[PDB]
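Please treat every number below as a calculation from the coordinates, not as lab data. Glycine also receives a Cβ, built like all others from the backbone with ideal geometry; neighbour counts cover every protein chain displayed.
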Amino acid sequence: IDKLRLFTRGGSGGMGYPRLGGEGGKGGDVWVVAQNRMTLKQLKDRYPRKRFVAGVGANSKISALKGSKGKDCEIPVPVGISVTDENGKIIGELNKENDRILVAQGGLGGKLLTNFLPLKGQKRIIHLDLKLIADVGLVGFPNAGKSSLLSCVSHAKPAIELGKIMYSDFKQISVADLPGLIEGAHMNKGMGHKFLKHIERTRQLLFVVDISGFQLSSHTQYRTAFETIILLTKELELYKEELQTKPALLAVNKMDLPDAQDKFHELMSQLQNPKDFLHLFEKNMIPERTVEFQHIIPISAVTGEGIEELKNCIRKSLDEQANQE
RNA sequence: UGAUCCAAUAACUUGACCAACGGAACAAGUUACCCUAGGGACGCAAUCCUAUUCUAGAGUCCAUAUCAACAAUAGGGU
Ligand SMILES: Nc1nc2c(ncn2[C@@H]2O[C@H](COP(=O)(O)OP(=O)(O)NP(=O)(O)O)[C@@H](O)[C@H]2O)c(=O)[nH]1
Ligand SMILES: [K+]
Ligand SMILES: [Mg+2]
Ligand SMILES: [Mg+2]
Ligand SMILES: [Mg+2]
Ligand SMILES: [Mg+2]
């Protein structure tokens, strides 16, 4: 939640010298550099104006000619930055410190072709995305116990985010519990789609589905757990087809319910034969393809049931992916 | 528009980029090889750009933006 935007303008060139024929210095260029220890919010509250202008090329003197280029401006940003344009096209990616990208060029100097005038520079507007998502991304409906699952899986974490799963080998698996996955995603692509843009940069997806189904209101449709999974798959297909290529695991929560066993059995039957029930949904709700789950585990966030096995399965799946790649 | 002297002429008259123009009849460079007598240590305009301000207009919504015509003064060049 830190999407940024700046206005950049390269300085104009240098005024040439007509009688002799001297060129003026080229205008300063606009560059963005990757540095650590600072964040996008840090940049914003350092420079509230959000505008960067480089130097201006020196005019053509008579002691010297072909003037020196103006002092370029360097814009510091953190690592893992995606720089795009106002149209959203990705200008570049800065993944390591000292990565430098030119965004706006300075104006040319005062050549005779331009009547020795210092041609103006470039005006551009750039966007910043400080989002390099973790390896595991949690996807779940509201109240589907994503925060509770994160709190249970972490030694100590606030369940209202990013957390780490610790192993005996002192290995940490970086997980991201993303709230508001369904903030009218089918209707508000303005806010519930930044969630999908953040989650798209994750290697593994963990869907968390409540066993007791879900319902927004008494006047809203009661969708079962299988219906919730189908809705998740349809939303993923609508958002980005390439996201489904990543490995996905399923976790049916709230096993402490009295009917949880029968509900999970029914859900497993539906998973085994989904084609027999896909007609019940409209053609809009029918996904282009069905997501295959490497593992589906029943878990309970209250009784701390199956969490160790889920962590072991996640580690094994990550190891298998690494070995394959 | 040019004095004296001087020159020509029987006479009346005449002669000066003497222009350094109150005009010496006619005389140049270089000296670190030097010498002597002395004295001292800005505005006016057109144009092009930018530092700071206002905003006619354009879009801006989503823990996610603003740019900015015309001006206003402060300065740099042609
Ligand atoms: N009985 C029972 N209650 C559970 C279980 N898991 C979660 N809960 C309860 O259900 C609620 C979950 O709320 P919350 O932590 O906000 O989950 P969430 O999915 O992150 N909600 P949101 O997506 O809106 O942020 C809590 O009251 C929690 O105690 C479970 O396995 N069993
Ligand atoms: K004289
Ligand atoms: Mg939560
Ligand atoms: Mg005199
Ligand atoms: Mg007199
Ligand atoms: Mg000598």
Hey, does the range A:197-214 have a residue that's within 16 Å of RNA strand B (Cβ to nearest atom), closer than 19 Å to A:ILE314 by Cβ and hydrophobic (A, V, I, L, M, F, W, C)?
yes
Name every residue in the range A:152-197 that is of a type in the set (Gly, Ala, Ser), part of a loop (DSSP other than H, G, I, E, B) and buried (at least 17 other Cβ atoms within 10 Å of the Cβ), in order of residue number.
A:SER154, A:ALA185, A:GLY192
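This table checks each residue for (1) within 18 Å of A:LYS131 (Cβ to Cβ); (2) buried (at least 22 other Cβ atoms within 10 Å of the Cβ).
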| position | (1), (2) |
| --- | --- |
| A:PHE7 | no, no |
| A:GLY24 | no, yes |
| A:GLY27 | no, yes |
| A:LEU43 | yes, no |
| A:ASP72 | no, no |
| A:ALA104 | no, yes |
Could you check the range A:285-318 and list, in sequence order, the residues that are assigned to a loop (DSSP other than H, G, I, E, B), within 15 Å of ligand 1 (Cβ to nearest atom) and among the polar types (S, T, N, Q)?
A:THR303
If we keep only residues of the range A:148-205 that are charged (D, E, K, R) and within 12 Å of ligand 3 (Cβ to nearest atom), then the residue nearest to A:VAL291 (Cα to Cα) is A:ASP177
The range A:123-151, subset of a type outside the set (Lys, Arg) and surrounded by fewer than 18 Cβ atoms within 10 Å (Cβ to Cβ), residue farthest from ligand 1 (Cβ to nearest atom):
A:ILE125
Conditions (1) over 14 Å from the mean Cα position of the chain (by Cα); (2) surrounded by 16 or more Cβ atoms within 10 Å (Cβ to Cβ); (3) among the acidic types (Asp, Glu): number failed by A:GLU200
(1)
If a residue has to be under 20 Å from A:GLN215 (Cβ atoms), assigned to a helix (DSSP H, G or I) and in contact with a helix residue (DSSP H, G or I) (Cβ under 8 Å, 6 or more places away or on another chain) to count, how many in the range A:236-263 make the cut?
1
Scan the range A:198-225 for residues that are part of a helix (DSSP H, G or I) and touching a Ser or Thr at 6+ places or on another chain (Cβ under 9 Å) and jot them down.
A:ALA225
Within the range A:146-165, the residues that are away from RNA strand B (no atom under 16 Å from the Cβ) and in contact with a helix residue (DSSP H, G or I) (Cβ under 9 Å, 6 or more places away or on another chain) are A:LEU149, A:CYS152, A:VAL153, A:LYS157, A:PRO158, A:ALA159, A:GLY163, A:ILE165
